[PDB]
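> opening with a subset of the complex:
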Amino acid sequence: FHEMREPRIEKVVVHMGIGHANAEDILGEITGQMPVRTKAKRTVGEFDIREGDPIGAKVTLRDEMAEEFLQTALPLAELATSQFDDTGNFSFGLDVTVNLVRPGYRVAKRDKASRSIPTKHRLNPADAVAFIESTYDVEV
Amino acid sequence: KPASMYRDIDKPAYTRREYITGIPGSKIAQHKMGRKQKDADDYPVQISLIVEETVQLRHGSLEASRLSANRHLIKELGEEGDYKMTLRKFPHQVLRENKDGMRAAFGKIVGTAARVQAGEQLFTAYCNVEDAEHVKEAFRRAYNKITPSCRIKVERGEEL
Amino acid sequence: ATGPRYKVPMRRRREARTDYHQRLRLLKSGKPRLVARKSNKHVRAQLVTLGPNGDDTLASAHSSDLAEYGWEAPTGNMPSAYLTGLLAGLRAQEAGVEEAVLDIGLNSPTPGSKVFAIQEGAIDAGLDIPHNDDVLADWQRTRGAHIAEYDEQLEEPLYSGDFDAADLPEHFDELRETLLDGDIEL
């Protein structure tokens, strides 16, 4: 019961929303794996006439690659209360977002007979803080 | 122009503003009169003005009658008396006029009117027992400025 | 849900189990579907045809009933998949079924996968099914040689329950041998 309910890190997405690159090199070295470009939609007056074109990049970290990053990433930002998604996620920082969820998430990500996670099984801001706080730092 | 030109319902409903342009504004200044803050149920007497024939009443007549009716209520009950009258209909029907002979005769927009079936409530006033004979008089003046004959019916009141 | 105007998906689309767009293109052939479905532990293969109140399964085979012919191995792998297909394909021949079209449901058409293995089995059983040989896994991986070589990187036994230490793709050969035999109580 309690084991199949205790949270885990789904993914850690580190991204840099520039606007026009040379920044791929830093993310690659700080995360470990290979990064990916980021395009945009809708023409903007801030010199964005080319729809599909590089603006930024991101990296989705999973498993160890994610934890080994968080250990040397969390000690760099003062986490707050408001800095938490109603779902149970948080973004701080070069942005760094941590997606958290319970053991049976695959049900909503798979192809065959997928189903959305019930609100009860959906993580909570409180349950989120606790789990994280219970791992090398303080809250609020 | 005479009401003879528009009083009868003899054309299709012409109200789709998305297809009609240049429609003249409504001369009807207000629809809520008296004390619009107090409720209708806070009054012992509720007298309505009922139209006895199905007709089309132009916004000019609507304003003219609503005016001469409420202008009386003001005179008799003061500018802030304990009454509250209501004009429930709104000029939805757009009117034309073929103002060339019968060639390309579809007319231009000249006004608006409110369609009212027989037996409908054009006006409904809410007053106290004492001021009941005043509203009846305001309505007597009002039915004089609209095409049909009317009935002044007391909907809530056995004080007589 | 929301109101009267609202549109609720067809039950099997709601459930995310049936791809109706692919189903129509499938049915257009006029032949029966060789429904190839797979689970975490097992593999199923049904020879389905169309019917007035719903589909009709004329023949079928489940990896579970594979042991009934001497299968002491797991049931969610390549040799298992192929064999289940061959079994199903054989029962199909008996029921009068001679041709079919592979229906892989919501599975992906990945080269060498289990559904193509299931397909190779049914075809081998004597069924005429539109296929493409270069999308099928090579004979050895079908046998289960990929797992024996995985067990070679031992140090720790691959199989928990004692089937054997080094594993036997020869067991596959034994079973296939058993099925192709004219006798066998289907």
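Okay, I see it. Numbers count the residues shown, from 1 in each chain, chains lettered A, B, ... in the order given.

> check which helices and strands whichever strand or helix holds residue A:10 sits against.
Residue A:10 is located in strand A:8-17, with elements delineated by DSSP states H and E. Under the contact criterion of 3 or more Cβ pairs under 8 Å, 6 or more residues apart in numbering or on different chains; DSSP states H and E, strand A:8-17 touches helix A:24-31, strand A:56-61, helix A:64-70, strand A:95-101. The way it works is simple: take the backbone N, C-alpha and C, and place the C-beta from them, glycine included.

> mind checking how far it is from the chain centre?
Distance, stretch centre to chain centre, for strand A:8-17: 3 Å (Cα atoms, centre = their mean, to the nearest Å).

> give me the contacts around that strand.
The contact list for strand A:8-17 (Cβ atoms under 8 Å, 6 or more residues apart in numbering or on different chains) reads A:23, A:27, A:30-31, A:38, A:55-62, A:66-67, A:69-70, A:73, A:94-103, A:105.

> shouldn't residue C:121 be within a helix?
Yes: remark: residue C:121 belongs to a helix, assigned using DSSP: H, G, I helix; E, B strand; the rest coil.

> number of nearby residues for it?
For residue C:121, the count of nearby residues is 27 (other Cβ atoms under 10 Å in any protein chain shown).

> ok, back up a step: in PyMOL, how would I select just the buried ones from the contacts of strand A:8-17?
Buried residues among the contacts of strand A:8-17 (16 or more other Cβ atoms under 10 Å in any protein chain shown), as a PyMOL selection:
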select buried, chain A and resi 27+31+55+56+57+58+59+60+61+66+69+70+73+96+97+98+99+100+101+102+105
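
> re earlier: using TSV, lay out the helices and strands packed on strand A:8-17 together with distance to residue C:53.
Putting these into TSV (distance: least, Cβ to Cβ, whole Å) gives the following:
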stretch	distance to residue C:53
helix A:24-31	56
strand A:56-61	47
helix A:64-70	51
strand A:95-101	42
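
> throw chain D on there as well:
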Amino acid sequence: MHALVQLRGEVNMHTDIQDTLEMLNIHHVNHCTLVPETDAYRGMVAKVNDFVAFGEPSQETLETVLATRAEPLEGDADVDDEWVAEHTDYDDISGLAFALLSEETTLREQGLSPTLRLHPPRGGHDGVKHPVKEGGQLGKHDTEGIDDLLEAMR
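Take a look at chain D, now in place beside the chains above:
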């Protein structure tokens, strides 16, 4: 079983109405036919409703009328008990009349014209511009009311 009597002429009446009448074997004003009460026949008289006079006649009245106005399928031959006896499945007019009312046979089945060609109503009818409920002579009638008509047109 009802007795239909055309009381209004063909001129100006809708074609689909005039056709229905003709299907009910009635081609002239003052002509009568005996129609069974069935769903199909009910739809037919409903359509003819405003140009006809109908209702269930009494055994007695049906006999008076058959005696006086019934004709063979061909000829002037008087339809009397003797005639009825020699050509029909009955012994007399009453026998026939009972069968018609009980809807066991028809006028054709017994070699009789399906039409009773009646005489104008003696002393006149109640008018052809109003129904029975309004003092007219059109539409459904009382068993007593229909008899008064059929007898007056004997």
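
> ok chain D is in now, so what about the contacts of strand A:8-17?
With contacts defined as Cβ under 8 Å, 6+ apart, strand A:8-17 is touched by A:23, A:27, A:30-31, A:38, A:55-62, A:66-67, A:69-70, A:73, A:94-103, A:105.

> ditto for stretch C:22-34
The contact list for stretch C:22-34 (Cβ under 8 Å, 6+ apart) reads C:45-50, C:58, C:85, C:88-89, C:97, C:99-103, C:118-119, C:122, C:127, C:129.

> rerun that using 10 Å as the cut-off
With Cβ atoms under 10 Å, 6 or more residues apart in numbering or on different chains as the test, stretch C:22-34 has contacts from C:12, C:19-20, C:35, C:45-50, C:55-59, C:85, C:88-89, C:92, C:97-106, C:115, C:118-119, C:121-123, C:127-130.

> quick one: end-to-end distance for it.
By Cα to Cα, to the nearest Å, the extent of stretch C:22-34 from end to end equals 14 Å.

> can I get the CA coordinates of the strand or helix carrying residue C:147 in CSV?
Element membership for residue C:147 (DSSP H and E) is helix C:145-152. Backbone C-alpha positions of helix C:145-152 (Å, rounded to 0.1, in the frame of the first residue of the first chain) are rendered in CSV as follows:
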residue,chain,number,x,y,z
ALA,C,145,19.0,-17.8,-29.5
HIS,C,146,19.1,-14.1,-28.4
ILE,C,147,18.2,-15.1,-24.9
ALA,C,148,20.6,-18.1,-24.7
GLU,C,149,23.4,-15.7,-25.6
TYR,C,150,22.1,-13.3,-22.9
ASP,C,151,22.3,-16.1,-20.4
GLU,C,152,25.9,-16.5,-21.6
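
> what's the neighbour count on the residue in chain B that chain C sits nearest to?
Among the residues of chain B, residue B:18 lies closest to chain C, at 21.3 Å counting by Cβ to the nearest Cβ. Using other Cβ under 10 Å, residue B:18 is surrounded by 6 other residues.

> A strand includes it, no?
No: using three-state DSSP, the secondary structure at residue B:18 is coil, not a strand.

> attach chain E to the model above:
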Amino acid sequence: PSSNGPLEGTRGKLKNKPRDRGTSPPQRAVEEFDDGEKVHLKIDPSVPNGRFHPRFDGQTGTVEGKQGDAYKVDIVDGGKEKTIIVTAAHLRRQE
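Chain E, in position alongside the others:
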């Protein structure tokens, strides 16, 4: 009419009621009809192909063979006999 195209004045008949919106069930698009069978003609708004002229909606023809997968249904427009090529998707059995 203001124009004379095939879809002229066909707003109602070629539109689905909100709840019938979306892709139609494959079953009826595959239905097999036999020669001599009486079938009702009704265009399925959700199905683009294999339609007949909207003027023939409501007819009840007689299947008299097929051309490809589509059927050849006989009908009588007014007093004139016509043959209509139509796919099962827009056909229903009578009774």
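
> what packs on strand A:8-17 with chain E there, same question as before?
Secondary-structure packing of strand A:8-17 (3 or more Cβ pairs under 10 Å, 6 or more residues apart in numbering or on different chains; DSSP states H and E): helix A:24-31, strand A:36-38, strand A:56-61, helix A:64-70, strand A:95-101, helix A:125-133.

> the fifth one pairs with which strands, parallel or anti?
Think strand A:95-101. Paired with strand A:95-101 in the same sheet, following DSSP bridges, are strand A:8-17 (antiparallel), strand A:90-92 (antiparallel).

> can I get the helices and strands packed on strand A:8-17 in TSV including distance to residue C:148?
As requested, the helices and strands packed on strand A:8-17 are exported to TSV (distance: least, Cβ to Cβ, whole Å):
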stretch	distance to residue C:148
helix A:24-31	37
strand A:36-38	38
strand A:56-61	35
helix A:64-70	30
strand A:95-101	37
helix A:125-133	42
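
> do you know how far residue C:175 is from residue B:12?
Distance, residue C:175 to residue B:12, by Cβ to Cβ, to the nearest Å: 81 Å.

> more neighbours: which of the two?
Taking other Cβ under 10 Å, residue C:175 and residue B:12 do not tie; residue C:175 has more neighbours (22 against 7).

> excluding chain neighbours, what is closest to the more buried one?
Nearest residue to residue C:175 in three dimensions, chain neighbours excluded: residue C:83, at 5.6 Å (Cβ to Cβ, 6 or more residues apart in numbering or on different chains).

> now do residue C:111
Residue C:111 sits nearest to residue C:135 (Cβ to Cβ, 6+ apart), 5.2 Å away.

> the closest residue to chain A within chain D: neighbour count?
Closest to chain A within chain D is residue D:39: 54.6 Å, counting by Cβ to the nearest Cβ. The local packing of residue D:39 (other Cβ under 10 Å) involves 6 other residues.

> residue B:77 now?
Per other Cβ under 10 Å, the neighbour tally for residue B:77 reads 19.

> go ahead and confirm it touches residue B:134.
Yes: using Cβ atoms under 10 Å, residue B:77 is in contact with residue B:134, at 6.3 Å.
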